[PDB]
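Undergrad: For reference, the structure I am asking about is given below.
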Amino acid sequence: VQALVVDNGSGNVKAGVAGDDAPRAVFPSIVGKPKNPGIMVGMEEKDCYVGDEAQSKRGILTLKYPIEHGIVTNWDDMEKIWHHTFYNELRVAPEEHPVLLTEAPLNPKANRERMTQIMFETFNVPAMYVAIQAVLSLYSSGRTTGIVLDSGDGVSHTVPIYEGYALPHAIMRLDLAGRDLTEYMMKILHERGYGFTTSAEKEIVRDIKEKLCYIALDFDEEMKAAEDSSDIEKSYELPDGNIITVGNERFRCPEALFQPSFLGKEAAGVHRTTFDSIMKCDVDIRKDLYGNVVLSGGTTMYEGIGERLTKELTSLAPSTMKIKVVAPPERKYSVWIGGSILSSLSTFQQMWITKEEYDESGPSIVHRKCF
Amino acid sequence: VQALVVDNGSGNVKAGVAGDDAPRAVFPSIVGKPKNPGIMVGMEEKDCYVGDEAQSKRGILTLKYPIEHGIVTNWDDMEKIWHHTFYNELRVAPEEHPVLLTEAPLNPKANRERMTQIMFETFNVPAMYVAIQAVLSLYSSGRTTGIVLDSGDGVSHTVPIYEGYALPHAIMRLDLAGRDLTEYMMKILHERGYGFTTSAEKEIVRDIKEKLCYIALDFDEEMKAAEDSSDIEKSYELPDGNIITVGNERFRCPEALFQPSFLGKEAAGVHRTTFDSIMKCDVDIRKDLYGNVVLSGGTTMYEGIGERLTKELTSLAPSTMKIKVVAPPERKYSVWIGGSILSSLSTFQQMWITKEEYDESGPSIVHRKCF
Amino acid sequence: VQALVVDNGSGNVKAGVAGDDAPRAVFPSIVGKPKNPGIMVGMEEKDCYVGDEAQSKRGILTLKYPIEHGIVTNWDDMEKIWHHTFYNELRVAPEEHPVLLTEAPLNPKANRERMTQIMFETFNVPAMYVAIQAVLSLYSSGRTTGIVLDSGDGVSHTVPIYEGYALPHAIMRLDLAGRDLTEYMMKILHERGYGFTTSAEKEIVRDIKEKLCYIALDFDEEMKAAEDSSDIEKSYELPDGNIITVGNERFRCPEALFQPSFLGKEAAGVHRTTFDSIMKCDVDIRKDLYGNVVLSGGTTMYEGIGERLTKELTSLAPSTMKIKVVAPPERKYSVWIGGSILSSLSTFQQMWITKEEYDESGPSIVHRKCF
Ligand SMILES: Nc1ncnc2c1ncn2[C@@H]1O[C@H](COP(=O)(O)OP(=O)(O)O)[C@@H](O)[C@H]1O
Ligand SMILES: Nc1ncnc2c1ncn2[C@@H]1O[C@H](COP(=O)(O)OP(=O)(O)O)[C@@H](O)[C@H]1O
Ligand SMILES: Nc1ncnc2c1ncn2[C@@H]1O[C@H](COP(=O)(O)OP(=O)(O)O)[C@@H](O)[C@H]1O
Ligand SMILES: [Mg+2]
Ligand SMILES: [Mg+2]
Ligand SMILES: [Mg+2]
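Have a look at this one:
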């Protein structure tokens, strides 16, 4: 019996069966409801739409995300999304497979407890487990030492591991991820006269950001060069045929990853977060940590991110250390692949939280078994 | 059948087979335990690490020494270290070889008794013996007259021998050795803003002390010269790439050997200890004792120690006596070489404490056979 | 002419005139700078804010501490803080009064040298002196024998004194104080879903810690009792009207004083630090040291700290010794009161470092005069 691996990100759901090379169901984690609840007679009317179907007819829907910053904010919508995942995407019976779930570090306890309670009492799974996403990413890379910088839609976090041992006091969390970048792109697109306010327009802006943005090697020099020419400008076509043009916004939008003050946030960038995490470890671990900086998540898919991170870390670290940044081509799915690997191990089969232990101990069992 | 020679120092273990020119296993006498007992699934988790392996991954371990000042303080860890020595380093069966052990003079009796009991009942050796380290050092030098000043990691002691005869009433013991010097270097490195507190940082400080320290010929003049220039300063590179610089600390750290008041200790230096040991012998032995002062141990490996000791002894002794200090290049292994020589002698083969005598008399047999 | 007494702690500044019963100026040791450097036309714009004024409008400022762990890390900000202290708080001319300063033991020498240079060349004082804080605390108590455990915001240290004589080799330093506790409270408040990241939020968290925390007599029993009831929970109101609730965090946050492994630190607690300091003295001093354990600083103001310290020391000490822990009600100002007493003594008036000796010898004079 193979386990099911579900990665509940803030933006997307990655689900599949353990042992597969890639997830087989990747759909947006959205729920949409019709603005005008009324349909032509004879047509089937649905109260809400989930996933790709919600994304397809977003023009007449209001879209909601049940997860913000890695924390579930609407449990009914989360339950609907999980039901969709199990019954329409994977097309399996969850009562026959154990389920491996994922969560971000330094989350509130009630989130984990509700996850366990809903898995055991609503879907009637035989067993389950909750794992940290960066640890799974390190599993995917086939390494036992390194620091993982994970950035998706909700949060950014860094977890260092040395020779298989965890360093919990060095875990750092930054509340700046892809959704913040999409909002900032929306805000700065008003300078050119383009106005996006609705949910579907938010999705269009996210599309534009994914297709047109990149990270500059030197920000001031690139701004100066953009002010002196026009070859940086690119065009994008809207669903209705209109065309928008973007200049320095292309590298200005992702610059908020390294300069969080662009969003009005008093916080350090991802480079400084990684450096601070490394400096909170023992002196004898830092060389290897510098040698194995690993990127993971969708927000690390910008062009030129590795070069910029290497430059910043070289500036911050001593001149003798060698900084190496690894950017796998499939790093958008590293968490799922690592979860599949972990759930496929013979030694892991004793770590499941079974239904008997749950019936004995309540939802609090997850705290003393997953850590 | 050759015997095994094991020198259980406070800092290091020297082990080998009798008849060899040098010991074949020299590793630190440490046991390390993981701070966070948890490893990635699929990895082999060990409760504790011994020796070079413990030294290699000290960044995630807490290191302990089972011996302080020549006295075993943790018998389980000592047993683990001996098991490592026999089975992973030497790769022999201790039940087939007699074992020669070493101890410092004026130690408590229970230490020797426990050594004998553990050797006979846990490792099932055929025979064993316990010898004094300075006597073995005198064996190594091919001489029958002289006074040996031995200084390693735990204790310093002086043993005079004349024409092969022992002088037990003249043996002196000083509780100041390399570990005290490492602690004092740690304390005085805080003046420059460098902070070392953990066990791995203790090992790094010991490394620095070994590589950068020396003994000044005249302390006050050298301090004055250091206050007037900067050519004494040297640099050291930490495992993480940072660089520290040391000035007069280089000769201030080992000066506590000759001025124990630097450590807050009411005791005489090694020169005064040696002189007092010589003055406790008969008037007819002192000339030869002055003529054959022999150094042994790792703490006697500082640069310029022989010149300083000669100057101090010349100051203390009458002007007609000739003071000669011998500093063999391999004096860090003189105890092991002397033990090998002693255990390889045809006349020594009747001095072994056999298993029959042990079964007859209990662990108290060691007191009436080794002396 | 009365002297000025300034206690430059890591968290707060206590300043006043010698002979007074209490300090007359107690303000936070912070410097704040506006995030958005722009103000309405006609308003007075200040580059930076110091002290209570910085604390009052922290919502638009970024706050910095110029001292960490008793070591000045930003000398321009320290100079600004001293200028504020002299000219806006005390409202005196520093060129007319001698100044008594304080420092933590085992600090780097450059800190003291810079203090002397800035006092003599920037503020043009006639004389000055630097004293150890625990010694001043012992002055305040009217006793000549005892061991002082001082804990403020930067560091914790223990200094034993017997019959007026100092024991420098027994001074111990622990790098765990109130700021570490505030950071740990911030970290563990994420379990309930409360997120504090900014500097002003750090100040709010420190407020919460001061108002709601206490030390448990037995940690395991108290944790068990907290897991079984809800009467331990208390509520706190934020500046914006929102309400947070805390359960076992109240006694979990200060427990890191006795269990430094909660912070990932390989170090002994304050009880073990005090015991180790006592055990490094002569056998004939320990009875009195056990009899006169004295608390000082703001981190010793938790409820139940004396009982817990007494229990731990009773566990560690022989059963015949009497352990007495003194907790003065005004122990948050013992260093300042002791400094005032010391600077008001007729015999102390020859210990000042005058401007003539400084002009003769440079900033190095402080090393051969204050010790
Ligand atoms: N090629 C790309 N370039 C830039 N950003 C991308 C790219 N692909 C995806 N993203 C961004 O990554 C974010 C979410 O990715 P993902 O790691 O799946 O998030 P989560 O794991 O939280 O669901 C989205 O906001 C999206 O805009
Ligand atoms: N070249 C050197 N210079 C100075 N000190 C040294 C040197 N080599 C070793 N030491 C010191 O010698 C001490 C232990 O040496 P050793 O004689 O092996 O001790 P033990 O016999 O007690 O194990 C260590 O504390 C180490 O710092
Ligand atoms: N009543 C209290 N209970 C607990 N902690 C307190 C209390 N009052 C002050 N503190 C803590 O004491 C710390 C600093 O006190 P103080 O001794 O003035 O430090 P410093 O001398 O380093 O300026 C602060 O971090 C504060 O949180
Ligand atoms: Mg993700
Ligand atoms: Mg030795
Ligand atoms: Mg203080």
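Chains as they are written, first to last, in PDB author numbering: chain B, 6 to 376; chain C, 6 to 376; chain A, 6 to 376.
Virtual Cβ for every residue (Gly too), placed ideally from N, Cα, C.
1) Looking at chain A, which residues of the region 23-47 of chain C have a Cβ within less than 8 Å of any of its Cβ atoms?
2) Suppose you measure from the CA of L222/A to the CA of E312/A; what does that come to, to the nearest Å?
3) Applying the 10 Å Cβ sphere with the 16-neighbour rule, what's the burial state of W87/B?
4) Please indicate yes or no: does the CB of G157/C lie closer than 6 Å to some heavy atom of ligand 5?
5) For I249/C and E126/C, I'd like the C-alpha separation in whole angstroms.
6) Of all the residues that make up the region 55-75 of chain C, which are near chain B by a beta-carbon distance shorter than 9 Å?
7) Using a C-beta to C-beta distance shorter than 8 Å, which residues of chain A count as neighbours of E271/B?
8) Are the region 168-181 of chain A and the region 257-269 of chain A touching by the rule of at least three beta carbon pairs closer than 8 Å?
9) Can you find the residues in the same chain that come closer than 7 Å, C-beta to C-beta, to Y199/B, ignoring five residues on each side of it along the sequence?
10) Can a CB atom of chain A be found closer than 7 Å to the CB of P323/B?
11) What are the residues that DSSP puts in a beta bridge with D155/C?
12) Runs of 4 residues minimum, wholly inside the region 77-107 of chain A: which ones carry the alpha helix (DSSP H) assignment?
13) DSSP has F32/A in a bridge; who is on the other side?
14) By the criterion of Cβ-Cβ separation under 8 Å, what are the contact partners of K316/B in chain A?
15) Please state whether DSSP places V11/C in a helix, a strand or coil.
16) Is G198/A close to chain B, meaning its C-beta is less than 7 Å from at least one C-beta of that chain?
17) Any heavy atom of ligand 6 inside 6 Å of the beta-carbon of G14/A?
18) Using the C-alpha atoms, what's the distance from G147/B back to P259/B?
19) What is the DSSP secondary structure of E242/C, counted as helix, strand or coil?
20) Cα-Cα, which of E365/A, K329/A, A205/A and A332/A is closest to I65/A?
21) Using CA coordinates, which residue listed in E271/B, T163/B, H372/B and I342/B is at the minimum distance from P39/A?
22) Out of curiosity, what's the CA-to-CA distance linking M45/C and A136/B?
23) Which residues does DSSP list as the beta-bridge partners of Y170/A?
24) Could you please give the first and the last residue of the uninterrupted beta strand (DSSP E) stretch that includes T187/A?
25) Verify the CB distance criterion: does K114/A have a CB-CB separation below 7 Å to chain C?
26) Taking Cβ to Cβ, would you say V371/B is nearer than 7 Å to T107/B?
27) Any heavy atom of ligand 2 within a distance shorter than 6 Å of the CB on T304/C?
28) Looking at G344/B and ligand 1, is the gap between the Cβ and the nearest heavy atom below 6 Å?
29) For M48/A, count the other beta carbons within 10 Å of its own beta carbon; 16 or more makes it buried, fewer makes it exposed. Which is it?
30) For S345/C, which residues from the same chain have a beta carbon less than 6 Å from its beta carbon, with the 5 sequence-adjacent residues on both sides left out?
31) Could you tell me which chain C residues have their CB closer than 8 Å to the CB of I290/B, listed as they occur along the chain?
32) Would you mind telling me which residues of chain A sit closer than 7 Å to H174/B, beta carbon to beta carbon, in chain order?
33) Considering only residues of the same chain and omitting the five flanking positions on each side of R29/B, which have a CB-CB separation below 6 Å?
34) Should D185/A and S301/A be called a contact, given that it needs their Cβ atoms to be closer than 7 Å?
35) Taking just the CA atoms, how far does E208/C sit from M191/C?
36) Got a sec: which bits of the region 212-245 of chain C sit with their beta carbon under 8 Å from any beta carbon on chain B, in order along the chain?
TA: Answer, in terms of the structure:
1) Legend: CB atoms of the region 23-47 of chain C lying less than 8 Å from CB atoms of chain A belong to residues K40.
2) Approximately 7 Å, taken between the alpha carbons.
3) The residue in question, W87/B, is buried, as its Cβ has 16 or more Cβ neighbours within 10 Å.
4) Correct: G157/C has its Cβ closer than 6 Å to ligand 5.
5) When rounded, the distance between both Cα atoms is 50 Å.
6) Closer than 9 Å at the C-beta level to chain B, one finds these residues of the region 55-75 of chain C: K62, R63, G64 and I65.
7) Under a criterion of Cβ atoms nearer than 8 Å, the residues of chain A adjacent to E271/B are, in order, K40, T67, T202, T203 and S204.
8) Yes: at least three Cβ pairs fall under 8 Å.
9) The residues are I249.
10) Not closer than 7 Å to any Cβ of chain A, the Cβ of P323/B fails to qualify, so no.
11) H162/C and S301/C.
12) Correct list: 80-89.
13) Note: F32/A sits in a beta bridge opposite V18/A.
14) Within chain A, not a single residue places a beta-carbon under 8 Å from that of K316/B; the smallest gap is close to 25 Å.
15) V11/C: strand per DSSP, three-state reduction.
16) At a cut-off of 7 Å between beta-carbon atoms, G198/A makes contact with chain B.
17) Under cutoff, so the answer is yes.
18) Whole-angstrom Cα-Cα distance: 29 Å.
19) In the structure shown, the three-state DSSP call for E242/C is strand.
20) Nearest neighbour of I65/A by Cα position, chosen from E365/A, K329/A, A205/A and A332/A, turns out to be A205/A.
21) Nearest option by C-alpha distance: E271/B.
22) For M45/C and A136/B, the gap between their C-alpha atoms comes out near 12 Å.
23) Beta-bridge analysis with DSSP links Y170/A to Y167/A.
24) Element bounds for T187/A: not the beta strand (DSSP E) but the alpha helix (DSSP H), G183 to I193.
25) Interface flag for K114/A against chain C is set, since a Cβ pair is found closer than 7 Å.
26) The beta carbons of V371/B and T107/B sit no closer together than 7 Å.
27) Yes; taking the cut-off as 6 Å, the Cβ of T304/C has a heavy atom of ligand 2 nearer than that.
28) Checking the 6 Å criterion, the Cβ of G344/B is out of range of every heavy atom belonging to ligand 1.
29) Its Cβ having fewer than 16 others within 10 Å, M48/A is exposed.
30) Contacts found: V10 and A23.
31) Neighbours of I290/B in chain C, taken as residues at a C-beta separation under 8 Å, are given in chain order as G64 and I65.
32) Under the 7 Å cutoff, chain A gives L268 and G269.
33) Around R29/B: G21.
34) No, they are not a contact pair.
35) Taking the CA atoms as reference points, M191/C sits about 10 Å from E208/C.
36) Contacts with chain B (Cβ-Cβ distance below 8 Å) from the region 212-245 of chain C involve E242, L243, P244 and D245, listed in chain order.
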